[PDB]
Each structure stands twice: as C-alpha cells, then as structure tokens.
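Student:
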Ligand SMILES: [Yb+3]
Ligand SMILES: [Yb+3]
Ligand SMILES: [Yb+3]
Ligand SMILES: [Yb+3]
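In the deposited numbering, the protein residues as written are 177 to 297.
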C-alpha cells in the first residue's frame, strides 16, 4: 500500500494553516470515505490519518457522504492505505479558513510523497 501527505500554507507568508478541509475525488467523480472494518462511519480529526494502524477501510462514495480531511496545527493532513499508486486523484478544498480563498484543486497520486498546498489571503 501507499500514502500521500499535504501541507497547507499561506501563499504569501508560507506559514502553515490549521483547519482547511479537503475531500478526495477519483476519475469516476466519487469521493473517499473512511470506515472501520465493520463498514461503519468513523469520526476522524485533523492531521494525517493512519488507516493501517487503526484498521480502517477506504471506500468511494457520493460527495455528500465523503470524509473531510483537515490540516492540523502544523498544516499537515493526508493518509496511508491506498491500494494504487498509478491512479490520479484530486484534493478538493471544501472548507476554507476565514481570511483565505480556496486553493486550486490538486491532482496527485499516492506516491508516498508530500507536497504543499497554497491558499491566497
Ligand atoms: Yb484531538
Ligand atoms: Yb480574492
Ligand atoms: Yb485537475
Ligand atoms: Yb513547503
């Protein structure tokens, strides 16, 4: 399996940003949802989510039911536990902190890498 990590930052100052929320979309216009091993919804918090340690499952669902991932105190968020490292996904900023405009969508692959996402004030 594979992971991906993002760091949310202010475009001008490069300071990290807490509280920016994202959904993740695939080519079929479906969005990522985390469940426990019994298929139940799980309450997740800010930051990187260790899917493996917690024995969660990744599923693809409609936008309204998707899991929202949120940058933490150090701007980090993301997860591990992807099956495929060759599929294009897109991080979509659904929850924008006051003071900022949404970042443009970010295409990515689960390639165990980490990249910045920038929000203009
Ligand atoms: Yb907490
Ligand atoms: Yb603006
Ligand atoms: Yb794109
Ligand atoms: Yb950076």
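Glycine included, each C-beta is placed from N, C-alpha and C at the ideal position.
Are the CB atoms of residue 271 and residue 246 nearer to each other than 8 Å?
Tutor: yes
Student: I need the straight-line Cα distance from residue 207 to residue 240, nearest angstrom please.
Tutor: Distance between the alpha carbons of residue 207 and residue 240 is about 9 Å.
Student: When you compare each of 237, 212, 236, 238 to residue 227 by their alpha carbons, which one comes out closest?
Tutor: 212
Student: What does a CB cutoff of less than 7 Å around residue 193 pick up in its chain, not counting 5 residues either side in sequence?
Tutor: 184, 185, 186, 247, 251, 273, 295
Student: Hey, how far is the Cα of residue 292 from the Cα of residue 182?
Tutor: 6 Å
Student: Which residue or residues does DSSP assign as beta-bridge partners of residue 285?
Tutor: Answer by DSSP bridge pairing: none, since residue 285 is not bridged.
Student: List the endpoints of the continuous alpha helix (DSSP H) containing residue 192.
Tutor: Residue 192 -> no alpha helix (DSSP H), and no H or E assigned at all.
Student: Restricting to Cα atoms, I'd like to know which of 268, 217, 188 is closest to residue 284.
Tutor: The candidate whose alpha carbon is nearest that of residue 284 is 268.
Student: In whole angstroms, what is the alpha-carbon distance linking residue 216 and residue 260?
Tutor: 23 Å
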